[PDB]
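What follows is a set of notes on a single structure, which appears directly below.
Every read-out reported here was derived from the displayed coordinates using simple, explicitly stated rules and does not represent laboratory data. Here the Cβ positions follow ideal geometry from the backbone for every residue, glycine too, while neighbour counts run over all protein chains shown.
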Amino acid sequence: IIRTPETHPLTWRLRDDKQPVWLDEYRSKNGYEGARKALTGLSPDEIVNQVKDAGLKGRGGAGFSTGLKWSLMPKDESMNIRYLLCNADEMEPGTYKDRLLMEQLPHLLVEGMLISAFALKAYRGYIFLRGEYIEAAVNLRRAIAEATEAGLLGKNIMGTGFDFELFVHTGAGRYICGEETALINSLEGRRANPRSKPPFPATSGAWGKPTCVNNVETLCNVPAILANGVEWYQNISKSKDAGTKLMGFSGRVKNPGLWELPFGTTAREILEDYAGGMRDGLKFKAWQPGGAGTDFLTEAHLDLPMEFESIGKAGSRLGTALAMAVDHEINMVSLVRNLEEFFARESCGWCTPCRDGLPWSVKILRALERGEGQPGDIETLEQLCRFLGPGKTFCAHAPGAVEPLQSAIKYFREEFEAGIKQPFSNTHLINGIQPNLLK
Amino acid sequence: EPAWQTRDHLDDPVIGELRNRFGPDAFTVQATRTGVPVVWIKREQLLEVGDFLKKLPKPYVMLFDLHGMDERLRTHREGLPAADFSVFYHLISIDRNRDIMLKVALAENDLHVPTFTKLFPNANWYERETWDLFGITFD
Amino acid sequence: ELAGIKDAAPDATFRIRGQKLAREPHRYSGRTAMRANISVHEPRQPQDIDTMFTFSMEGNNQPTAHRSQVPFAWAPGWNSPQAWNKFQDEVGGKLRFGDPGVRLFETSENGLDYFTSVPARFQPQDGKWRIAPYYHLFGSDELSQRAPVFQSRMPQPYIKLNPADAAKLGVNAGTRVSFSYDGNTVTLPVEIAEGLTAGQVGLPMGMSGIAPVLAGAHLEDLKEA
Amino acid sequence: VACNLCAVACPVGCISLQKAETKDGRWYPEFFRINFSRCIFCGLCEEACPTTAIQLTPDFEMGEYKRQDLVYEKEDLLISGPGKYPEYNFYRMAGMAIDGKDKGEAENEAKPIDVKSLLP
Amino acid sequence: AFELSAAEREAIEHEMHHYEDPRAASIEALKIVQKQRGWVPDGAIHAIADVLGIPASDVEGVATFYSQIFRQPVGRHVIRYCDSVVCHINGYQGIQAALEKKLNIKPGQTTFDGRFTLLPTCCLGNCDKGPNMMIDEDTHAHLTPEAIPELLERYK
Amino acid sequence: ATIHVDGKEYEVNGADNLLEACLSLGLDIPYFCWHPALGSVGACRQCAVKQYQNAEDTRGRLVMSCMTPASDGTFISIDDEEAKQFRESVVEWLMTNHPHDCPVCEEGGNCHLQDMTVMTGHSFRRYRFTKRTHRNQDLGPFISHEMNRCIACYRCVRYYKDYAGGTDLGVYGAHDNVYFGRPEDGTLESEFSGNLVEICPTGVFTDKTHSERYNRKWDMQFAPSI
Ligand SMILES: NC(=O)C1=CN([C@@H]2O[C@H](COP(=O)(O)OP(=O)(O)OC[C@H]3O[C@@H](n4cnc5c(N)ncnc54)[C@H](O)[C@@H]3O)[C@@H](O)[C@H]2O)C=CC1
Ligand SMILES: Cc1cc2nc3c(=O)[nH]c(=O)nc-3n(C[C@H](O)[C@H](O)[C@H](O)COP(=O)(O)O)c2cc1C
Ligand code: SF4
Ligand code: SF4
Ligand code: SF4
Ligand code: SF4
Ligand code: SF4
Ligand code: FES
Ligand code: FES
Ligand SMILES: [Ca+2]
């Protein structure tokens, strides 16, 4: 499959031997042209408005528009100290797009942070990276050294007077650190408890200073916009969500992989025309569109375009757009138990409903797995779904935790009914006391 | 609706009869869980209300109870007339199978009520006990 | 000058709608068994002719009672120290009818003059040790050291020395030195206080055997025992 | 466990007791006296006991010559067996650690997990 | 008895050069101590607190918060197998059973000779090549239960 | 500022949050992690009410009264069915790991968690699984430590570190194994560490000097003194 630079702005310069692209090869293949144009011929407000009217949305999984997030930075000239953070955590199960993005294209991320830091007037930049991406860390550090030697980073970048210093902050292995306020707290050397918003990090983020946090893929989408223009970016696809997106299917398919597709590409083309469909002897049962924190969908939802509004209207989320396919051999109770065990052991412990209700769901699903389920367990799971939604917990970790549970209860309830075998028993008999026989 | 719900009993025909006889501003209807219509009557209209209830088409013929209450320490007196003490009169009409609780508010210094013995003779001992335990004088 | 103490608290005739203020809660227990070993007959309740409080539960402790002296916070449904929220006008503010206590004096219209007695600088004289006061929250108070639970929290009695003074005396940290004050030789172990200025020796005030009036005094023949 | 629930639930207020603690950390009454000249034998203390320690037994022959001898101390109340509830033990339910029962050894309780453990 | 080495201390100060607050180098200081000594001992918390100028309670809370900072002693090699949803679909349980059979230990435990420490871990970002295992610095994908003891013999 | 609580109009301070404004009016909202001297953090998720956009609104949304300002023209409901159910669910979740310890606990009869368990109306247990446990620490001669009773409301660490300025108390651990205490056994070094016995809404931090000769709150003869 040919990857022209006009329709594959991110992955057209990948090498066929899966090797990283360094500074000379990157600059030979139209590298740092958008950074040069932005830093020389464009004001920071012009770059912010260009990203805004290009329609670039957040690729972290929420779909918030990046230009509006950049526009809510304070207009006071007294706040000269500003921070740009790259959320290179990518700790969601089913998500592997940032690893491919910086393990073999680090200079794209470096250029994107350079452009975003000039646009945001960000004096410092940090790449909050997970500790498990060692090769990505090595490639990013080598690319930072190469860009500093070439004058692309440091003091007096391109002679324009703009000074930008970029660091890589390798994390210590916790899933909640991907939350942007928890990311800021972890960057400050604290426990990664998230923060209540308002105030948003644009007003008071890292060390009280104005801070903008963006995903790896958004910052990789930035230089293509700055180099080729807005009119090219809006004409990539005829959909509401502008630009391309890294989509792909994972789990017992013929080609579990990663491709760059325009928005509006239906999930059946990703599963069959790209991933090759299910493996031999396996039939399709369900799929999660955007990682471990999204609602399950059935075969009837496979003919749906992978946009935010289209997947949102089906009772799920687009998320990271890396779908995971479940075949008929996988029990839904075991899968949801694995998901909830992950979500319960990756809680940050701050707020009560997640911290004290995800283990209850884990224990209920464990009881349903071994057939020790008792009546009222699924009603308890449904109430845990209802009372861990948005606004009930301090952050959005627990709504994403309870989305697969409620989608599996909705679509595959007969597998959950099969675990309830024992009668309900919470009390043991105490001799000499007649119990209250509640009918 | 459960039997313990708070009701004002404005659908009671005695409330409408008292509205048509004494006027809407003459007394205050209190919503309680007693199950009975509680009407706060002004003191100078107490014997008139007693005569009117005794001369109804289905009269209130029995003074079920008559006693007092110290309202000085009562903090939750919302929707109630200002009172330091109060005297309540529980009256039963057997023909209607209904009953009504009249309440007379009293200040701490003017603790005197017109006596109820000309309408119901059990008010003798009831008012003697109310004077004994609360200090309310019955003229 | 002490005429304001009359308005500190209301007198013993103060009542809340005729009743006194309760010292103990309404669910106080054991009344017919607290003294049953001494005598099975219940004694007379202790009368308080001095103040408006009573030695019983037959009193007023309503959160809406018009008073400033609250013996304890309790509300129906609020048994914790969060009942003080019920006892306030607004939560975290003042008491509902004013906090107790009255200032004896107001701010004067005119002030003092400048004190021209500027002292001379501290000169470390040979053979005399200025007693620098050291205070401890557990131990300096006269009555708090008598509390037996404090002796685990009360520090050991040391004496503080400068590194230069300790090197001049040839003493280390932890060794015992003896000093005579008013013809009384007492020995104490030594810590090395780095921030203490030379020519001074540091004594913990209010301790066992160290009176607080020793602060600012001088010491003689402070030597290793 | 000297929790004083029976003393406060007594409508006569004829129970007096004081909490003491052993070196292992279990609670017990330092003393326990009931003024049986005041007690109305209403069983509210037994109803309020969360350990089934205090019990009302089928015994009515309690006549006395002096009223001071109707004050029964802990020596006159503590019997050698379980009484009407032969198997209930509160300290098997409680989370407090005592002798013979460390943390996590009670009913429906898991072993304590250290914060320094390597598991996520 | 703990004492920070000179190289550890200089690396810590170079880390606090990167931030406007010295507290922000606590995670990387703990990681430096962990890389030098395998884990973070009890006195390392007070040493890092003394160097950084922050209380030791915050350093202990950070060390106990993060799963990749080990406050208990581990073996010379740490096996971390993914147990998330995609590797559950790809069958990590056979890999875990093979690991428990070869090492004769449960997850979270250490081999009797101190060579291997078996640990579950969250998604490694390699779901398209699952199941995945992460030994000390190397990630291994496309795992099979037959290749587990062959793979384990190259880590002496 | 004008608020409407359950259809009744109230005049409050717009600079206050909804929880302290509603507690100043005499209304009862359960809460754990908010203190008047410490401020609002939105941790325990117990103070939930239902806020409406306007007067003619029926759906609403669950907000937290400690984290919501009591601005002018606010419309909230405390006795809403969903808010009551969520507050009872929060008490139930806190009660899943709580030890059966009230008779042998020095906070009994003086416990904020007891009052809020009764206030939310939660008296039936349907959780049938195990409860997490914690070892205790020796915190010195004044404070007794019992970490099984913790509800992870972060009042102790907020008071001790932000307010009192102490250094040796902190929060350690993770998802449901959060531990509140010292990094090692030793005496609490703050001169105001004794306020933890009233700051903590549970019996984790208790007056050991009182715990020697312990008696319940209802059995005390109290006086106002200096
Ligand atoms: N590894 C991954 O990529 C993971 C991604 N996610 C995604 O995270 C999403 C939730 O992200 P959150 O940040 O918790 O929620 P969110 O949707 O509220 O925030 C997303 C972005 O929008 C910005 N934003 C929203 N409203 C704003 C306003 N009024 N003013 C200023 N900025 C505003 C935030 O600053 C943030 O950068 C989920 O939809 C999920 O798909 C979740 C888990 C893991
Ligand atoms: C529990 C949780 C975990 C998250 N983890 C990540 C993550 O690992 N990587 C990421 O880019 N965003 C993550 N996010 C989303 C961020 O909050 C935020 O949307 C993102 O870092 C930047 O937004 P953007 O999409 O505009 O770039 C997470 C959100 C939540 C609630
Ligand atoms: S939902 Fe609450 S406890 Fe869970 S990760 Fe978010 S803030 Fe932490
Ligand atoms: S039975 Fe006796 S001791 Fe027990 S509560 Fe009743 S009166 Fe008190
Ligand atoms: S007898 Fe029962 S209720 Fe009374 S103090 Fe002992 S354990 Fe508590
Ligand atoms: S802290 Fe409160 S709820 Fe917990 S055991 Fe003690 S009294 Fe009971
Ligand atoms: S120990 Fe007490 S104050 Fe601290 S978080 Fe736990 S319950 Fe709250
Ligand atoms: S689920 Fe195992 S690598 Fe992602
Ligand atoms: S008091 Fe508001 S969430 Fe805790
Ligand atoms: Ca006196």
> Cα centroids of the stretch A:314-331 and the stretch A:65-92: how far apart, whole angstrom?
Replying inline: 31 Å
> How many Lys pairs in the stretch D:33-120 lie less than 28 angstrom apart by Cα atoms, where the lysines are 8 or more positions apart or on different chains?
Replying inline: 8
>> Considering only C-alpha atoms, what is the centroid distance from the stretch C:10-27 to the stretch E:67-132, in Å?
In response: 69 Å
> On a 0 to 90 degree scale, rounded to 10, what angle separates helix A:44-53 from the longest Cα axis of chain A?
Replying inline: 50 degrees
> What is the average number of partner chain Cβ atoms found within 10 Å of a Cβ in D:94-106?
Replying inline: 5
> Other chains' Cβ within 10 Å of E:48-58 residues: what's the mean?
Replying inline: 4
>> For the stretch F:164-180 and the stretch F:87-131, what is the centre-to-centre distance using only Cα atoms, to the nearest Å?
In response: 22 Å
> Using the per-residue mean of other Cβ atoms lying within 10 Å as a proxy for protection, in what order, highest first, do the peptides F:110-116, F:151-157, A:324-330 fall?
Replying inline: F:151-157, F:110-116, A:324-330
> In what sequence do E:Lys106, C:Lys86, B:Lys118, A:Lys52 fall when counting other Cβ within 10 Å, fewest first?
Replying inline: E:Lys106, B:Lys118, A:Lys52, C:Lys86
> In terms of Cα to Cα distance under 19 Å, which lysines are near enough to A:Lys410, apart from those fewer than 8 places away along the same chain?
Replying inline: A:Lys285, A:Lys313
> On a 0 to 90 degree scale, rounded to 10, what angle separates helix F:81-94 from the longest Cα axis of chain F?
Replying inline: 10 degrees
> Which FRET efficiency, nearest 0.05, do E:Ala6 and A:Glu46 yield, Cβ-Cβ r, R0 45 Å?
Replying inline: 0.35
> Per the Cauchy relation, a quarter of the hull surface: what is the mean projected area of the convex hull of the alpha carbons in the stretch A:332-418, in nm²?
Replying inline: 4.8 nm²
>> If packing is taken as the average count of other Cβ atoms within 10 Å, what order do A:115-122, A:155-162 fall into, highest mean first?
In response: A:115-122, A:155-162
>> Connecting C-alpha atoms closer than 10 Å in a GNM of chain A, tell me which of A:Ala224, A:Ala418, A:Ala88 has the biggest fluctuation.
In response: A:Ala418
> How many Cβ atoms of partner chains, on average, are near each residue of F:37-48 if near means within 10 Å of its Cβ?
Replying inline: 4
> Given a Förster radius of 30 Å and the C-beta distance between E:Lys101 and A:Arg413 as r, what FRET efficiency does 1/(1 + (r/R0)^6) yield to the nearest 0.05?
Replying inline: 0.25
> Which of the peptides A:357-363, D:105-111 is most tightly packed, and how do the rest follow, going by the mean number of other Cβ atoms within 10 Å of each residue?
Replying inline: A:357-363, D:105-111
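Taking the Cβ of each residue in F:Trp34, C:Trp84, A:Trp12 as the centre, tally the other Cβ atoms inside 10 Å and list the residues starting with the fewest.
On the way: F:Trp34 26, C:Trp84 20, A:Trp12 16.
So the residues, fewest neighbours to most, are A:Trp12, C:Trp84, F:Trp34.
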> Can you pull the three principal axis extents for the Cα set of the protein assembly as shown, in Å, largest first?
Replying inline: 113, 104, 77
> Based on DSSP H assignment, which helices of chain E show an axial Cα extent of at least 27 Å together with a mean Kyte-Doolittle hydropathy greater than or equal to 1.6?
Replying inline: none
> Please state the relative contact order of the stretch F:7-117 as a whole percent: Cα pairs under 8 Å, 6+ residues apart?
Replying inline: 26 percent
> A:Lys121: which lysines have alpha carbons under 26 Å from its alpha carbon, excluding same-chain residues fewer than 8 sequence positions away?
Replying inline: A:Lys37, A:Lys52, A:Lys57, A:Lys69, A:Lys75, A:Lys155, A:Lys197, A:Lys209
> With labels modelled as points extended 7 Å from the Cα through the Cβ direction, what inter-label distance (nm, one decimal) is found for A:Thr266 paired with F:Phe192?
Replying inline: 6.6 nm
> Using +1 on the beta carbon of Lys and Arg, -1 on that of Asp and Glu, and nothing else charged, what's the dipole of the protein assembly as shown about the Cα centre, debye to 20?
Replying inline: 1260 debye
>> Taking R0 as 56 Å, what FRET efficiency do you get between D:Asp59 and B:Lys118 from their Cβ-Cβ distance, rounded to the nearest 0.05?
In response: 0.45
> Given Cα pairs under 8 Å that are at least 6 residues apart, what percent is the relative contact order of chain A?
Replying inline: 15 percent
>> Which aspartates and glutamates, if any, have their Cα less than 13 Å from the Cα of C:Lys86, not counting same-chain residues under 8 positions apart?
In response: F:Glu20, F:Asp28
> Helix A:134-149: angle to the longest alpha-carbon principal axis of chain A, degrees 0 to 90, nearest 10?
Replying inline: 20 degrees
